[PDB]
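>>> Okay, structure incoming, though there's no sequence with it:
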């Protein structure tokens, strides 16, 4: 039977909702580049949770700033309203007036039509939209309401009327599951202002995941389909404990989860360069123990809990974090500020960093970086991707994950990983592909 794997391994890629604008990264590029053929799951980022109704919703309101910036924020236009010309679509045909579905939702639908093993998941939350998870998961009633609303909107595909698009079942069949990205339950390590209950978030979150599992299976039984549930797993052991992310019980609800293997350090500390995605602990890191992370440290914590490794995956970065005024080529050195970025400050795509200054790779820590005498960038390259994939295989994990697809448009890193998967012994994942 066809499985959503590459020789038994998952290769998950995040697709940014906002990437279709300035970055001009659309689903078509995944097709023509051959990258989609190397992916097993695409996480559409993101779906927001309404601050007033505590439910999944569809709106057209810009994300603002301040404590209320995410209230009611959404981009229905990018999601399903935006019309694609024949020379910009995956199918090669333009969106017609009669289509109830357009936007990236329809583009991904066209991509799935060319990749039978490919699944599309809706990622809820994210760093910017995690403010309302705590309240939404507070009671049995609130949890039931949230889950029901998300399945109705994304799984059943019932969209509201917007710009001549939308309607009941408009997005039917596109989403194969839900990915939960609450950053982070039971702790205030996430964005300041997020709802947080250090006492009950852990238990409420466990209950929330169980409700998602229950409702997804209930719906799947009515149409003979098997939906999956995943989540973005934290790397910080403190976050892991706070949310009960390493509680085996949660993996009776989640089919799998992809572990954060990036953003372990960054320009938010403008005077100290360092690794944002090191595979192993770095003896040279001079910071306090509570701030030192590594992908390996996180992976081992989940494995120590008895969580089935096939239900885990490791995330890699298709971008780098950089500093300017970096005095040394060696990591953990002085710098003056975050470096300029093409689209976002102190952040740059792998596609641009692969030719910036000179490349550096440290197999001992499983890290890579660019240095041009002034700017220092921490990122993942072919070398770290190959080493980390060997690690995924050697640890018996279920696969890899990428944040985010627009940074590696030719699928050089995604491909290096998939190539490794196809050459390795059969993976442990048997997850069925979409019908």
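Thanks, I have it. Numbering: from 1, shown residues only.
>>> contacts and neighbour counts: CA atoms only from here.
OK.
>>> Helices of the stretch 201-350 of the chain, start to end?
201-222, 237-243, 295-304, 350-353 (DSSP state H, counting those that start in this stretch).
>>> Then the stretch 51-200 of the chain?
So, for the stretch 51-200 of the chain - with DSSP H, counting those that start in this stretch - the helices run 76, 103-112, 133-136, 140-150.
>>> Now do the same contact list for the residue of the chain most remote from its centre.
What lies farthest from the middle of the chain is residue 327; by CA atoms, centre = their mean that is 32.9 Å. Neighbouring residues of residue 327 by CA atoms under 8 Å, 6 or more residues apart in numbering: 333-335, 373-374.
>>> at 7 Å what do you get?
333-335, 374 (CA atoms under 7 Å, 6 or more residues apart in numbering).
>>> cool, and residue 153?
Counting by CA under 7 Å, 6+ apart, residue 153 has contacts residue 159.
>>> Please repeat the previous calculation with a cut-off of 8 Å.
Residues near residue 153 by CA under 8 Å, 6+ apart: 56-57, 159.
>>> separation between the closest residue to residue 302 other than its chain neighbours and residue 345?
Nearest in space to residue 302, with sequence neighbours left out and distances taken as CA to CA, 6 or more residues apart in numbering, is residue 246 at 5.3 Å. Distance of residue 246 to residue 345, given as CA to CA, to the nearest Å: 33 Å.
>>> neighbour-wise, which of these two wins?
Neighbours per residue (other CA atoms under 10 Å) separate residue 246 from residue 345, with residue 246 holding more: 22 against 14.
>>> Isn't that one up against residue 237?
No: assessed by CA atoms under 8 Å, residue 246 is found out of contact with residue 237, at 9.5 Å.
>>> Between those two, which contacts overlap?
Residues touching both residue 246 and residue 237 (CA under 8 Å, 6+ apart) are residue 301.
>>> Locate residue 427 within the secondary structure: which element?
Using DSSP states H and E, residue 427 sits within no helix or strand.
>>> and it, how many neighbours?
21.
>>> which non-adjacent residue is nearest it?
Nearest to residue 427 is residue 8, by CA to CA, 6+ apart, at 3.7 Å.
>>> my guess is the one you found meets residue 430, correct?
Yes: with contact defined as CA under 8 Å, residue 8 counts as touching residue 430 (6.4 Å).
>>> higher neighbour count, the two?
Set residue 8 next to residue 430 and count neighbours by other CA under 10 Å: residue 8 wins out with 21 against 17.
>>> isn't residue 334 right up against residue 274?
No: taking contacts as CA under 8 Å, residue 334 lies outside contact range of residue 274: 9.7 Å.
>>> Comparing these two, which shows the higher neighbour count?
Neighbours of residue 334 and residue 274, each counted by other CA under 10 Å, are more numerous for residue 274; the result is 29 against 18.
>>> didn't that one look like it was pressed against residue 329?
No: at 10.6 Å, residue 274 does not count as touching residue 329 under the criterion of CA under 8 Å.
>>> And for the closest residue to residue 103 other than its chain neighbours, the neighbour number?
Of all residues not flanking residue 103 in the chain, residue 80 sits nearest, at 3.8 Å (CA to CA, 6+ apart). When neighbours are counted by other CA under 10 Å, residue 80 registers 24.
>>> Over to residue 2?
There are 12 residues near residue 2, going by other CA under 10 Å.
>>> what's the closest non-adjacent residue to it?
Distance criterion CA to CA, 6+ apart; nearest residue to residue 2, sequence neighbours excluded, is residue 433 at 5.6 Å.
>>> One more: residue 435?
Nearest non-adjacent residue to residue 435 (CA to CA, 6+ apart): residue 225, at 7.7 Å.
>>> Could you tell me how many residues sit around the one you found?
The local packing of residue 225 (other CA under 10 Å) involves 15 other residues.
>>> In JSON lines: the helices of the stretch 201-350 of the chain, plus distance to residue 398 and mean neighbour count.
JSON lines is the format used below for the helices of the stretch 201-350 of the chain (distance: least, CA to CA, whole Å; neighbours: other CA atoms under 10 Å):
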{"stretch": "helix 201-222", "distance to residue 398": "20", "mean neighbour count": "19"}
{"stretch": "helix 237-243", "distance to residue 398": "19", "mean neighbour count": "20"}
{"stretch": "helix 295-304", "distance to residue 398": "12", "mean neighbour count": "19"}
{"stretch": "helix 350-353", "distance to residue 398": "24", "mean neighbour count": "19"}
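>>> could the ones you listed be laid out in JSON lines, adding distance to residue 284?
Listed next are those as JSON lines, based on distance: least, CA to CA, whole Å:
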{"stretch": "helix 201-222", "distance to residue 284": "34"}
{"stretch": "helix 237-243", "distance to residue 284": "20"}
{"stretch": "helix 295-304", "distance to residue 284": "16"}
{"stretch": "helix 350-353", "distance to residue 284": "24"}
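>>> right, and those helices - which one's nearest residue 257?
helix 295-304 (10.5 Å; CA to CA).
>>> by contact count, what packs against that closest one?
With contacts taken as 3 or more CA pairs under 8 Å, 6 or more residues apart in numbering; DSSP states H and E, helix 295-304 sits against strand 256-259.
>>> who's in contact with the strand it packs on?
Contacting residues not belonging to strand 256-259 are listed as 229-235, 295, 298-299, 310-315, 400-401 [CA under 8 Å, 6+ apart].
>>> Sort out for me which of those residues are in strands.
Among the contacts of strand 256-259, the members falling in strands (DSSP state E) are 229-233, 312-315, 400-401.
>>> Can you give me every residue that contacts residue 199?
residue 186.
>>> can you check residue 159 too?
Contacts for residue 159 were tallied using CA under 8 Å, 6+ apart; they are 58, 153, 166-171.
>>> Give me the neighbour count for residue 418.
28.
>>> Hmm, I typed the wrong one, I wanted residue 113.
Residue 113 sits with 13 neighbouring residues when counted by other CA under 10 Å.
>>> what's it in contact with, if anything?
Contact partners of residue 113, counting by CA under 8 Å, 6+ apart, are absent.
>>> ok, it to residue 10 distance?
19 Å.
>>> Then residue 277?
The spacing between residue 277 and residue 10, counted by CA to CA, is 20 Å.
>>> Now do the domain split for the chain, please.
Per curated CATH domains, the domain ranges recorded for the chain read 1-317+381-435, 318-380.
>>> Now do the end-to-end distance for the shortest one.
To tie it back to what came earlier, the one meant is domain 318-380. 7 Å.
>>> No further queries at this time; thank you.
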